[PDB]
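Accompanying notes for the structure given below.
Cβ coordinates were reconstructed from backbone atoms using ideal geometry, including for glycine residues, and neighbour counts include every protein chain displayed. Bear in mind that the values in this text are calculations on the coordinates, not laboratory data.
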Amino acid sequence: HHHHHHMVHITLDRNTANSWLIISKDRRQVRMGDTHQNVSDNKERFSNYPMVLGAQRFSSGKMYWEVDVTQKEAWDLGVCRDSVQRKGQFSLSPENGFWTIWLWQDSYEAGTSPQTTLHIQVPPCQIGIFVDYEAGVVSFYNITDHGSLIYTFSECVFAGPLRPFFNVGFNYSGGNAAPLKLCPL
Ligand SMILES: CC(=O)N1Cc2ccc(N)cc2C1
């Protein structure tokens with residue numbers, strides 16, 4: 001891919017974070033804390049899962065960013081509508097306003113309904129995410145494997161402003177404490 005030149009500087013929005021997340025001072029890294037992080041509740045926070053949004057909102061254009069997933073066992077990445085549900089249980093699907101991929105139990109899957117099996121030969125340490133708003137496209141790239149394509153959602157019906165979406169995953173195993181990190185341009 002040659003999407004690198006649409007690079008955007010993403011930062012995380014503390015106000016949207018699940019109350020157990022710890023976001024770095026530079027707002028470029030997030031990890032699961034071992035307890036509640038002593039913040040007030042608000043209507044923006046994801047309550048049920050270790051999720052957080054980017055601060056940036058996109059309603060046009062082409063955008064590209066990269067995320068480091070080194071040594072994690074579980075995570076979700078992509079974009080979502082600004083108006084997605086925050087409270088209670090929900091599935092990650094385009095019908096619910098999410099365009100995502102994930103790692104879970106040693107398999108990679110795209111957040112379609114039902115989910116789609118991904119075929120990745122080189123487990124990624126960094127993921128590239130490309131959004132073309134006008135084209136209705138969200139694509140995922142394996143930066144560890146020379147930028148190879150992972151998955152493309154096409155004919156996307158965004159139906160509103162988009163935000164970068166992150167899930168650091170639970171850490172029941174003790175093997176998933178590592179952060180998600182936004183990689184430098
Ligand atoms: C609401 C719910 O079922 N959750 C969210 C959450 C957050 C942190 C921890 N340690 C456990 C759980 C389970």
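Observations
- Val52 being within 16 Å of the ligand (Cβ to nearest atom), in a strand (DSSP E or B), on the phi < 0 side of the Ramachandran plot and β-branched (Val, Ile, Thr): yes
- Qualifying residue in the range 95-102 (condition: touching a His at 6+ places or on another chain (Cβ under 9 Å), within 25 Å of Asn176 (Cα to Cα) and surrounded by 13 or more Cβ atoms within 10 Å (Cβ to Cβ)): no
- Condition check for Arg57: touching a residue at least 40 places away in the same chain (Cβ under 8 Å) and basic (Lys, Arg): yes
- In this entry, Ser59 is excluded by the filter for residues that are within 16 Å of the ligand (Cβ to nearest atom) and surrounded by fewer than 16 Cβ atoms within 10 Å (Cβ to Cβ).
- From the list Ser47, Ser19, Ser40, the lone residue that is surrounded by fewer than 18 Cβ atoms within 10 Å (Cβ to Cβ), within 16 Å of the ligand (Cβ to nearest atom) and either without any contact (Cβ under 8 Å) to a residue 40 or more places away in the chain or closer than 18 Å to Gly78 by Cβ (or both) is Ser19.
- Counting only residues that are touching a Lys or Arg at 6+ places or on another chain (Cβ under 9 Å) and part of a loop (DSSP other than H, G, I, E, B), the range 84-124 holds 5 of them.
- Of all residues making up the range 131-175, the number that are within 16 Å of the ligand (Cβ to nearest atom), under 16 Å from the mean Cα position of the chain (by Cα) and not in a strand (DSSP E or B): 3
The rows are residues; the columns are (1) surrounded by 17 or more Cβ atoms within 10 Å (Cβ to Cβ); (2) over 17 Å from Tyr64 (Cβ atoms).
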residue: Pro114; (1), (2): no, yes
residue: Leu118; (1), (2): no, yes
residue: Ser148; (1), (2): no, no
residue: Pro161; (1), (2): no, yes
residue: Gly169; (1), (2): yes, yes
residue: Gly174; (1), (2): no, yes
residue: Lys181; (1), (2): yes, no
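- Some residue of the range 71-79 being in contact (Cβ under 8 Å) with a residue 60 or more places away in the chain and in contact with a helix residue (DSSP H, G or I) (Cβ under 7 Å, 6 or more places away or on another chain): no
- Filter result for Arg31 (within 16 Å of the ligand (Cβ to nearest atom), crowded, with 17+ Cβ neighbours inside 10 Å and part of a strand (DSSP E or B)): yes
- Inspection of the range 87-95 identifies at least one residue that is within 16 Å of the ligand (Cβ to nearest atom) and hydrophobic (A, V, I, L, M, F, W, C).
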